[PDB]
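Just so you know, the protein sequences line up as chains P and H, in that order.
In terms of PDB author numbering, the first sequence opens at residue 28 and continues consecutively.
In terms of PDB author numbering, the second sequence opens at residue 28 and continues consecutively.
No residue lacks a Cβ here, since even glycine has one placed at the ideal position from N, Cα and C.
There are 2 protein chains.
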Amino acid sequence: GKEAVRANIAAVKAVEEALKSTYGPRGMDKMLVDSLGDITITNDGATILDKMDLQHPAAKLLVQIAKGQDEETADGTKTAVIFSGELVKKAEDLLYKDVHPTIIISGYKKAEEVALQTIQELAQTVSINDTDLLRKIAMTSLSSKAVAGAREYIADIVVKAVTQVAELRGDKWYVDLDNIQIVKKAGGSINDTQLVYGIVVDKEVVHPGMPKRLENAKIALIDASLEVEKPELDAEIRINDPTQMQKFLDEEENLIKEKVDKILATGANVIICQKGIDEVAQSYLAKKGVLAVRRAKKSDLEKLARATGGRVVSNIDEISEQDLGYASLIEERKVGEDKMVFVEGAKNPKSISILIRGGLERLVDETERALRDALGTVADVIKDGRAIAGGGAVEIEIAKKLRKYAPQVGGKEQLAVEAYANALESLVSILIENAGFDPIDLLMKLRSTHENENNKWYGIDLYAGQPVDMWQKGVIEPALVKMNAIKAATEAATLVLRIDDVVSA
Amino acid sequence: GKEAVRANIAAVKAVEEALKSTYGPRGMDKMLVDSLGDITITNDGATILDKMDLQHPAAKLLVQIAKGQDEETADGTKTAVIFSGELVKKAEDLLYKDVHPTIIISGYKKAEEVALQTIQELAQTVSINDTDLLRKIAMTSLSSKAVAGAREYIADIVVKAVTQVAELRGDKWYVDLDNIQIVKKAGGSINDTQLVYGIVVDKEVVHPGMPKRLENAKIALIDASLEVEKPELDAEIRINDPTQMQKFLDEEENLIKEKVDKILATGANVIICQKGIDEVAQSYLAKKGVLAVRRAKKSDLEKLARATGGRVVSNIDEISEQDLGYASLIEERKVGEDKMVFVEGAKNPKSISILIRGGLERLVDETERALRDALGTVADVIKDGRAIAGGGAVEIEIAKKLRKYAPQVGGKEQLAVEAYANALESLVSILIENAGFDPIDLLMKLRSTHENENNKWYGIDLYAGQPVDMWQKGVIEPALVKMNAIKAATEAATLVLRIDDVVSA
Ligand SMILES: Nc1ncnc2c1ncn2[C@@H]1O[C@H](COP(=O)(O)OP(=O)(O)OP(=O)(O)O)[C@@H](O)[C@H]1O
Ligand SMILES: Nc1ncnc2c1ncn2[C@@H]1O[C@H](COP(=O)(O)OP(=O)(O)OP(=O)(O)O)[C@@H](O)[C@H]1O
Ligand SMILES: [Mg+2]
Ligand SMILES: [Mg+2]
């Protein structure tokens with residue numbers, strides 16, 4: 028009976044106590060000091076659970092379901108855990124009062140039914156042209172991150188990037204993130220942030236004698252070395268003769284003009300590689316009038332291949348007119364204090380790039396995280412097409428609607444249902460609390476202003492501190508994330524109740 | 028802070044825990060062992076708090092307001108204590124939820140207001156002709172007592188017994204219960220209990236050769252001795268002449284033949300007294316044809332006085348036409364092994380007696396107790412005129428209506444009103460508990476079956492375990508006694524919250 032089941036509940040309740048203080052943007056920050064002295068300040072639900080040395084099986088079963096998803100978004104995760112641990116919490120008081128755990132699982136199951144269908148008969152249809160909407164949903168992702176600069180810049184780009192790549196897949200829109208490169212440089216400002224309609228190779232040209240801008244450049248993506256490897260790389264030479272030395276390294280020098288000539292046999296305007304380009308081979312490309320780039324990321328040859336229509340080639344005796352790329356005009360421009368080659372006017376319109384700049388050496392990294400999550404989120408908004416008002420709105424409803432339902436559902440099973448409703452309202456209470464107001468007072472002030480039907484989207488505006496329409500202040504969010512959180516948590520929750528006993532090894 | 032308020036509350040719950048298993052029908056009996064080891068097995072609420080020493084003021088103060096009654100009939104006291112302690116209990120669970128007692132008091136007042144008037148606007152007009160109603164009110168009283176042989180007999184009697192005494196005073200019915208005398212003899216059948224239209228004197232006639240019964244007979248309620256008192260009683264004799272001796276004790280005896288002729292100077296037909304009658308004066312009263320009784324008790328000379336219209340005569344030389352009494356028939360009868368005078372058909376209609384018979388030496392005494400609570404109660408219903416459905420019915424309604432009310436009334440105040448409601452259902456849960464069914468199950472089955480107004484007088488059957496109509500199974504109860512309980516209980520409960528700190532001399 029009561030015995031081991033408490034210890035389990037208790038473990039769950041502890042894990043809740045590790046995230047409680049960090050929910051929403053008035054959330055506090057947890058310090059994590061790494062063993063080699065290195066410091067990390069965070070409020071990320073995952074890390075705080077992932078880096079935690081748990082020894083309690085309950086807690087490990089609960090966080091595997093809570094923390095992780097087999098989805099691109101990393102969001103709803105603090106909700107998933109908080110909501111898990113409150114549902115378990117509120118359930119404990121029913122067992123104190125002697126209700127069978129079997130009932131409370133069925134009760135939470137009937138509540139889970141309704142709660143879920145209550146999101147569905149209420150989301151609003153959002154599709155591609157609802158661009159004046161996606162700008163807001165995006166700020167709702169970026170606003171709790173560290174970005175100090177204007178969010179409007181970043182919101183505007185994120186929208187165009189998703190809409191650029193969107194393509195009908197079975198007569199409904201789909202987007203793949205892989206057609207978008209994200210390049211970042213510290214210093215400068217966020218006003219220098221932009222979308223390039225091309226690909227950007229962050230290695231400059233071989234000599235400035237090469238054209239500054241080339242018209243209709245037939246690109247050559249060469250994975251193979253355009254430089255010598257050293258015959259002494261494995262072990263020391265066995266040549267004792269400088270006459271033999273000469274004729275060998277000459278024939279090796281004539282081998283790189285061969286490699287060059289075997290690619291210029293196809294008549295490319297531009298030649299880019301991921302390894303060196305010899306000092307005889309740089310002079311040789313310069314006298315032919317080609318634009319060459321030396322030692323670029325294997326990462327970017329790839330990014331230019333499926334953009335310009337080209338293929339990355341690892342063998343000169345294999346490059347053909349079929350393998351070259353097409354781009355209308357390739358040029359080299361200066362980004363901050365580094366020159367970089369840009370290859371605009373490529374054959375794929377889905378393929379684009381983003382230049383993030385501004386802020387410190389770690390803040391620019393977290394601006395790239397924020398823009399990555401915002402970009403994913405907006406594309407998920409297109410992939411699904413439902414978006415609801417945040418700030419507690421759909422939540423309060425799932426409670427009130429459930430509370431009216433409860434009377435009719437059954438005997439003991441009532442108390443259970445009524446419990447699921449109260450636990451959700453506990454979430455909005457924790458939220459109000461960390462925001463800086465009295466919970467019972469603000470919740471009541473909302474459940475009177477949320478009794479009539481026309482106040483459907485009413486929540487509590489965190490800074491104003493009083494019940495208003497969240498939708499009409501931009502606070503809108505993905506209806507499916509905040510729906511699978513209810514499924515993740517209620518699973519985890521009910522699983523804690525499912526363990527009768529433990530006999531271990 | 029926490030200092031006295033935990034302690035006060037604590038003590039109040041403890042007292043509750045002493046009566047809880049003794050509430051209502053089927054309840055368990057508590058054993059009271061005096062300091063001389065004298066044993067009393069009981070279930071009387073009062074005694075159990077009266078004979079017990081409480082070390083806490085707060086407790087002592089709660090039980091005083093609950094237990095106490097300034098009306099002649101006392102009922103509802105186990106209820107008074109429980110509802111009190113359950114209201115204190117549910118308020119502590121509010122202090123936990125972080126509400127101040129100034130809000131719990133305001134909450135409770137608003138719930139108490141509504142609770143009261145909900146008993147007004149539901150009660151039914153029961154007046155003198157509603158005798159089939161008073162029959163119910165008698166049985167609702169006698170039915171949960173230890174004694175139970177022939178209660179229908181005693182039920183019927185109560186109704187007749189009171190209906191006779193009820194008189195219009197201030198343009199509404201009053202019952203002056205003091206005009207009913209209650210006499211008890213042990214042994215014989217319990218069915219032979221009866222109502223007598225007169226007074227009953229427990230003493231026999233002085234000479235059997237005196238009449239068996241006189242029609243339209245003038246009573247002489249004589250207090251003065253018709254027996255001599257000898258001089259050795261005061262002090263040692265000082266008379267040395269025996270002739271004088273003789274004349275003292277001769278004239279003192281001739282003084283009683285003097286008194287007897289000076290009483291019969293008013294034209295008496297029967298004479299009952301407080302002291303004895305001299306043997307010469309017995310033979311004298313016998314030869315006159317008088318009907319005499321000797322050595323009664325003064326307590327009934329007065330009751331038989333103002334029943335037959337006489338006065339109790341202290342001074343024989345003051346006896347007159349205005350001092351004597353009229354009765355339709357006085358006679359001498361035998362009840363079991365006891366020979367007594369009966370005085371049926373008195374001048375005053377109100378003055379009647381009840382004759383208890385049957386059982387053993389301790390049972391017949393508990394038949395007198397039961398009869399008083401039953402008489403009282405029916406007469407209290409005549410004195411008021413409002414009567415409601417018993418068995419939990421009015422209780423569940425004062426709960427339900429408050430629960431539906433709460434949403435609309437305010438913030439914190441909601442929680443108090445709701446709690447107050449939860450305390451009233453608690454009362455019936457205890458009641459249900461002691462019959463042996465599951466509280467939550469049967470409680471829920473009421474809260475679903477009791478929405479329709481055709482089930483207003485629904486309650487819970489404690490011998491068949493299922494919600495039924497109480498009214499139509501004869502469980503009706505006095506509407507003001509279960510209302511004044513509420514005023515006590517709410518007062519008392521709020522009185523315990525009202526104490527902040529305490530100083531001891
Ligand atoms: N101005 C605001 N007023 C009220 N509520 C707000 C406001 N801005 C944000 N919110 C709410 O705060 C909630 C909490 O967000 P958060 O993203 O921290 O929860 P989470 O998704 O569980 O955590 P994570 O995103 O790290 O997984 C949002 O879902 C949103 O509805
Ligand atoms: N036959 C019955 N069926 C249902 N309930 C009954 C029956 N007889 C009495 N009751 C209920 O029992 C309840 C409480 O009983 P009880 O009289 O012991 O408590 P109390 O009146 O608070 O204590 P006390 O009478 O000693 O002051 C009453 O309100 C009455 O409705
Ligand atoms: Mg989130
Ligand atoms: Mg009673």
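Residue i beta carbon near ligand 4 (any heavy atom closer than 7 Å)
| i | result |
| --- | --- |
| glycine 103(H) | yes |
Check: residue i C-beta below 7 Å from any heavy atom of ligand 1
| i | result |
| --- | --- |
| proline 52(P) | yes |
| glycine 418(P) | yes |
| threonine 49(H) | no |
| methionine 497(P) | yes |
| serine 171(P) | yes |
| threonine 517(P) | no |
| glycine 72(P) | yes |
| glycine 486(P) | yes |
Nearest-angstrom Cα separation, counted from residue j out to residue i
| i | j | result |
| --- | --- | --- |
| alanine 85(P) | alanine 450(P) | 20 Å |
| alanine 177(P) | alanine 213(P) | 16 Å |
| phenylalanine 110(P) | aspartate 80(H) | 50 Å |
| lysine 439(H) | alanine 138(H) | 13 Å |
| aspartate 468(P) | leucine 442(H) | 11 Å |
| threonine 152(H) | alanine 319(H) | 49 Å |
| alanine 142(H) | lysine 431(H) | 13 Å |
| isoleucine 264(H) | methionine 367(H) | 39 Å |
| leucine 398(H) | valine 210(H) | 11 Å |
| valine 287(P) | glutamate 279(P) | 13 Å |
| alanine 173(H) | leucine 204(H) | 24 Å |
| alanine 45(P) | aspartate 102(P) | 17 Å |
| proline 52(P) | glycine 486(P) | 15 Å |
| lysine 325(P) | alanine 516(P) | 42 Å |
| residue 546(H) | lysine 483(H) | Here chain H covers residues 28 to 532 and nothing more, so residue 546(H) does not appear. |
| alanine 420(H) | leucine 122(P) | 29 Å |
| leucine 76(P) | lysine 472(H) | 45 Å |
| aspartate 159(P) | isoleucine 503(P) | 12 Å |
For residue i, the residue or residues it bridges with in DSSP
| i | result |
| --- | --- |
| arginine 196(H) | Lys199(H) |
| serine 355(P) | DSSP output for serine 355(P) lists no bridge partner at all. |
| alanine 319(H) | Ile298(H) |
| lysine 314(H) | Paired residues: none, contrary to the question. |
| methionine 58(P) | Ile68(P) |
Residue i beta carbon near ligand 2 (any heavy atom closer than 7 Å)
| i | result |
| --- | --- |
| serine 347(H) | no |
| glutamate 452(H) | no |
| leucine 312(H) | no |
| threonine 167(H) | yes |
| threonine 106(H) | yes |
| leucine 489(H) | yes |
beta-carbon residue i near ligand 6 non-hydrogen atom, thresh 7 Å
| i | result |
| --- | --- |
| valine 502(H) | With respect to small molecules bound, the structure shown includes ligand 1, ligand 2, ligand 3 and ligand 4 and not ligand 6. |
Query raised in the report: Is the segment 488–504 of chain P in contact with the segment 456–466 of chain H, if contact means three or more CB pairs nearer than 8 Å?
Result: The segment 488–504 of chain P and the segment 456–466 of chain H do not touch, with fewer than 3 CB-CB distances between them shorter than 8 Å.
Query raised in the report: When the Cβ atoms of the segment 188–196 of chain P are set against those of the segment 350–368 of chain P, are three or more pairs found closer than 8 Å?
Result: No, because fewer than three Cβ pairs between the segment 188–196 of chain P and the segment 350–368 of chain P fall closer than 8 Å, the two stretches do not touch.
Query raised in the report: Does the pairing of the segment 121–133 of chain P with the segment 522–529 of chain P give three or more beta-carbon distances under 8 Å?
Result: In the pairwise beta carbon analysis, the segment 121–133 of chain P is classified as touching the segment 522–529 of chain P: at least three pairs are separated by under 8 Å.
Query - Cβ contact check for the segment 245–261 of chain H and the segment 219–230 of chain H: 3 or more pairs under 8 Å - result: Taking a cut-off of 8 Å on C-beta distances, the segment 245–261 of chain H does not touch the segment 219–230 of chain H, as fewer than three cross pairs fall below it.
Requested in this report: May I ask you to verify whether the segment 409–421 of chain H touches the segment 382–397 of chain H, counting CB pairs closer than 8 Å and requiring at least 3?
Outcome: The segment 409–421 of chain H makes no contact with the segment 382–397 of chain H: fewer than 3 CB pairs, one atom from each, lie closer than 8 Å.
Query raised in the report: Quick one: any contact between the segment 469–482 of chain H and the segment 502–512 of chain P, if contact means 3 or more CB pairs under 8 Å?
Result: Segments in contact, no.
Query raised in the report: Taking three-plus beta-carbon pairs below 8 Å as touching, is the segment 294–303 of chain P in contact with the segment 251–264 of chain P?
Result: Taking 8 Å as the limit for Cβ pairs, the verdict is that the segment 251–264 of chain P does touch the segment 294–303 of chain P.
**Report entry** Touching by the beta-carbon criterion (3+ pairs, under 8 Å), the segment 369–379 of chain H and the segment 341–356 of chain H
**Finding:** Contact holds: three or more Cβ-Cβ distances are below 8 Å.
Query raised in the report: Would you say the segment 90–100 of chain P touches the segment 60–70 of chain P, given that touching needs at least three Cβ pairs under 8 Å?
Result: Segments in contact, no.
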